[PDB]
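Some notes on the structure that comes next.
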Amino acid sequence: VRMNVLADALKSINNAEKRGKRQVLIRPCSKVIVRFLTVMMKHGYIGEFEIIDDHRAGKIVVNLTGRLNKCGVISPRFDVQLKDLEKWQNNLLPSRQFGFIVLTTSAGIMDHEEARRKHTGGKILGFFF
Amino acid sequence: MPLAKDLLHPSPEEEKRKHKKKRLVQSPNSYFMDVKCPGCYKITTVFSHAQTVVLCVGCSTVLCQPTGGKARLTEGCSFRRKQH
Amino acid sequence: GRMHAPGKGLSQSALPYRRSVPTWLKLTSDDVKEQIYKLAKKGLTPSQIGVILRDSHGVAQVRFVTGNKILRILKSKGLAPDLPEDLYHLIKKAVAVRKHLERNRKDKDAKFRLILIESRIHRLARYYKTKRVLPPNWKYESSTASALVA
Amino acid sequence: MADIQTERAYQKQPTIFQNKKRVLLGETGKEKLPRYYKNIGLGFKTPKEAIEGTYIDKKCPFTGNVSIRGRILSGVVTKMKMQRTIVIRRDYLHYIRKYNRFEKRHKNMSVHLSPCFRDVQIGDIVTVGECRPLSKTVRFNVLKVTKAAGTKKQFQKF
Amino acid sequence: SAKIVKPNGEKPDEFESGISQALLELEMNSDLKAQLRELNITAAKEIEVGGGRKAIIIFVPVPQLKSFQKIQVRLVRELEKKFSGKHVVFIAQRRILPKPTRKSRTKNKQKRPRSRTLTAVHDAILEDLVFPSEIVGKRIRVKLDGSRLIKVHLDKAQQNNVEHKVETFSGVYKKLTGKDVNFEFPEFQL
RNA sequence: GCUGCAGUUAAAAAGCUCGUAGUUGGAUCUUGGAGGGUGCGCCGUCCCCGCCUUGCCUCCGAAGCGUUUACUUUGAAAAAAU
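Protein chains in written order, with the entry's author numbering: chain W, 2 to 130; chain b, 1 to 84; chain N, 2 to 151; chain L, 1 to 158; chain H, 5 to 194.
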């Protein structure tokens, strides 16, 4: 069955972009999917998206450009300690310079750059570049 | 799958061909009707697929028998849908 | 998909959006609640009441013409019976299989099947019990089950 | 209630004396037993039962001679087999880096239970407080019964 | 006057007074009285539409609404005609309760009902702003600029009563939530 | 071989299923200009913060005081040698 819903949305995306696709319909969506789709959006990795309202759990249409090499999800959502964030981005990001680790902290779902600036930390959601 | 559809606005024709659960936003593919039988003049509302015998208001009549799917309406009968 | 077989089959209602309606639906909460209570008097199950209501008389969902699910209506009138209906028909089914197996000790398929049914029961009861519906300490026993379902 | 006094020795609170005396009504006097109590501190309300009660329990934190100092813990009641004492199960998380997931682990803790508390029933979450060695096993004393009919799985009433 | 029907904890006035009087004007009549009489209103608020025709929003107790729904179209027709130059409609005051924190404190205040959530309430507002149509579906669009727009699908039949309104519904909605709303038409399953 | 292994044929998926512990579990309940750190020669560049419904109540402090946690964050408490 389903343990997580994010992992499906992310994968669906990745296969869309790999095909050469410019849109996807993910299902079923969640506040966390929105928040993650949103961080991606702010940065450029996707275009605009749209939450369609079935009387159920939702369905999202993402319009994607093609700046996206990969958006992954980290499971389980490990706790990170401010100097485990430095260790994570190195593990899974292309160059020190770019790509984001996106985690969930007490003060919001955020990319790790925003994390560093706020100076808060938490549990790791996923990534992209 | 040639990198071309508007997943958000898909066509009504190919939306209408797809499984009820596969529809963009879901919805059913079943309906209701009003049914006649001259002898009476009033009209019983009936569900397109039905399982139950449906009998009319008074006359022990009939008014379809069930099947795998849509109820088979019985011989000399008439039916407007229908609403919204 | 499926619990005690390899079946995949997606199959369902597909419930309607439209928030309100039917609109061509007149009648009233009054009407169908009476209808429900009278049918439940006759011994009918909520599944059964929902079906017969659906097809014979206009009720797309009893929920919509009345903000309450059929079972809740029954329970509030005072029509709810001792164990939930799904659990009933399971217990009843394991009974009929058990009676058939006592007759035909040579049927291994039946013995397998009895197990399956029984496991489904025990888990369901575990769920109902967790949820107060059944008194903690509720159990289904062959011995007593026969006597229970009727 | 049940006659306390039950044993062979006369149960009494130390240095809380009597003296009944002559004349009329009561008779002697009506309460017939002066009772001494105290609040544990840490804002633990001394339940009415303690003040209202006849029971003796030296071990009681409110009525008895024991002080609560040290760790204040909470746990779930696993057993109430023993008279005036209970066993609580304490769940805790063990962290294992060497690769990192820690695994639930637990410990049971024997703790004295004053007759002031009742309905101490297994399943109840309870707040116990550290104390002087009461018995070879028991380090703690039940200070507060957290409760709840909740956990619904049944319907509690009042 | 002001006392009766503009109440709901404050008397007040002006517009509330005018509209109330209008209701009385309607009240003289037949079946176009007695049916209304029971209905009552908490307050009226006025907010405009961008070129400058204003919309008038009316507030209802919520147990009342079924009856208001009963009339609605006929009444709105009267209020638009008598009070012309305004878009009239009907919204029910709904309570909304804050999600508890934590340290919000929390003296575990009685649960609360989904039928009290801010989102649910807003959904109710959307439902209330349009009327006999029905909201067929909804979508949310995430704009490049961190913005969000809600596309609220509408039925088809009988819509006309609302067609001219649409812009006000958008503006009115904004005043209440601060979110942006857009409207569309469908399709007809085949 | 956590990070970071292999198991159709190379060494390796139990004949199959039920199933307790254990692990694992869908969607959904708050929104919609300046203060301070270090670079570059009075100017600015780049974080961080309250902003353009956000602890209630008791009735500024105090107190009541926490729904439980885990988490994470900021402090203290943290032997020297190393």
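All residues carry an ideal CB built from backbone N, CA and C; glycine is no exception.
With a cut-off of 8 Å, does the C-beta of residue i fall near any C-beta of chain b?
i, result
"W:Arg-3", "no"
"H:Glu-167", "no"
"W:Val-62", "yes"
"W:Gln-98", "no"
"N:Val-22", "yes"
"W:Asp-55", "yes"
"H:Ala-38", "no"
"H:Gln-73", "no"
"H:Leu-194", "yes"
From which residue to which residue does the alpha helix (DSSP H) around residue i run?
i, result
"H:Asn-165", "164-167"
"W:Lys-60", "Premise fails: W:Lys-60 lies in the beta strand (DSSP E), 60-64, not in any alpha helix (DSSP H)."
"H:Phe-173", "170-181"
"H:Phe-72", "69-75"
"N:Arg-133", "Here N:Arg-133 belongs to no alpha helix (DSSP H), and DSSP marks it neither H nor E."
"W:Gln-24", "Taken as a continuous stretch (DSSP letters only), W:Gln-24 belongs to no alpha helix (DSSP H), being part of the beta strand (DSSP E) at 24-27."
"residue 1 of chain H", "Residue 1 of chain H falls outside the range modelled here, since chain H spans only 5 to 194, and no answer is possible."
"N:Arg-55", "47-57"
"H:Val-125", "122-133"
"L:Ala-50", "48-52"
"H:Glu-31", "19-31"
"W:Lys-19", "7-20"
"W:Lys-32", "32-44"
In chain N, which residues lie less than 8 Å from residue i when you measure between Cβ atoms?
i, result
"L:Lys-157", "Here the premise fails: no neighbours, minimum Cβ distance about 12 Å."
"L:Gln-83", "Within 8 Å Cβ-Cβ: nothing; L:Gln-83 doesn't reach chain N, min ~25 Å."
"L:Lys-153", "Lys-130, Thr-131, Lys-132, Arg-133 and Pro-137"
Which residues in chain N sit within 7 Å of residue i, going by Cβ to Cβ distance?
i, result
"L:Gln-121", "Those within 7 Å of L:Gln-121 in chain N number zero; the least Cβ separation is about 12 Å."
Less than 8 Å between CB atoms is the rule here; does residue i satisfy it with respect to chain H?
i, result
"b:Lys-16", "yes"
"b:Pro-12", "yes"
"b:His-84", "yes"
If you measure from the beta carbon of residue i to each beta carbon in chain N, is any gap under 8 Å?
i, result
"H:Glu-138", "yes"
"H:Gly-141", "yes"
"b:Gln-65", "no"
"b:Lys-21", "yes"
"b:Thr-52", "yes"
For the beta strand (DSSP E) containing residue i, list its first residue and its last residue.
i, result
"W:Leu-104", "101-106"
"H:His-157", "152-158"
"W:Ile-110", "109-112"
"H:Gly-89", "Premise fails: H:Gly-89 is in no beta strand (DSSP E) and is neither H nor E."
"L:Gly-41", "That residue, L:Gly-41, is in no beta strand (DSSP E); it is neither H nor E in DSSP."
"H:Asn-186", "184-188"
"H:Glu-50", "48-52"
"L:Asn-141", "140-145"
Quick one: list the residues of chain b neighbouring residue i, beta-carbon separation under 7 Å, in chain order.
i, result
"W:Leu-26", "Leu-7"
"W:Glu-51", "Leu-8"
"W:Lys-22", "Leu-3"
"N:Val-52", "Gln-51 and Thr-52"
"H:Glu-191", "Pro-12"
For a contact meaning CB atoms closer than 9 Å, what does residue i contact in chain N?
i, result
"b:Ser-27", "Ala-15, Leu-16, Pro-17, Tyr-18 and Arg-19"
Closer than 8 Å by beta-carbon distance: list the chain H residues that pair up with residue i, in chain order.
i, result
"W:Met-41", "None at all; the shortest Cβ gap to chain H is about 10 Å."
Would residue i pass as an interface residue toward chain L - the criterion being a Cβ-Cβ separation below 8 Å?
i, result
"N:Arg-124", "no"
"N:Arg-127", "no"
For chain W, check one thing: does any of its Cβ atoms lie closer than 8 Å to the Cβ of residue i?
i, result
"H:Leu-148", "yes"
"H:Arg-145", "yes"
Mind pulling the chain W residues with CB within less than 9 Å of residue i?
i, result
"b:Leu-73", "Correct list: empty, because the minimum Cβ distance to chain W is about 30 Å."
Run through chain b and tell me which residues come within less than 8 Å of residue i, C-beta to C-beta.
i, result
"N:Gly-59", "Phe-32 and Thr-45"
**Prompt:** Whole beta strand (DSSP E) runs in the segment 64-113 of chain L with 3 or more residues, listed along the chain?
**Reply:** 68-79, 85-93 and 104-112
**Asked** Are the segment 6-16 of chain L and the segment 119-139 of chain N touching, with three or more C-beta to C-beta distances below 8 Å?
**Response** no
**Prompt:** Does the segment 28-36 of chain L touch the segment 48-63 of chain L, meaning 3 or more C-beta pairs lie closer than 8 Å?
**Reply:** yes
**Message:** Please give me, in chain order, every unbroken run of the alpha helix (DSSP H) with length at least 4 that falls completely inside the segment 50-111 of chain N.
**Reply:** 63-66, 71-78 and 86-104
**Prompt:** Would you call the segment 75-95 of chain W and the segment 50-64 of chain W touching, i.e. three or more CB-CB distances under 8 Å?
**Reply:** no
**Request:** Spell out a yes or no on whether the segment 123-130 of chain N and the segment 87-95 of chain N are touching, meaning 3 or more CB-CB pairs, one atom from each, closer than 8 Å.
**Result:** yes
**Prompt:** Would you call the segment 17-29 of chain W and the segment 107-114 of chain W in contact, with 3 or more CB pairs under 8 Å?
**Reply:** no
**Asked** Does the segment 104-112 of chain H come within contact of the segment 144-159 of chain H, defined as at least 3 CB pairs closer than 8 Å?
**Response** no
**Item:** Validate contact between the segment 95-103 of chain L and the segment 46-56 of chain L using beta carbons, cut 8 Å, 3 pairs
**Value:** no
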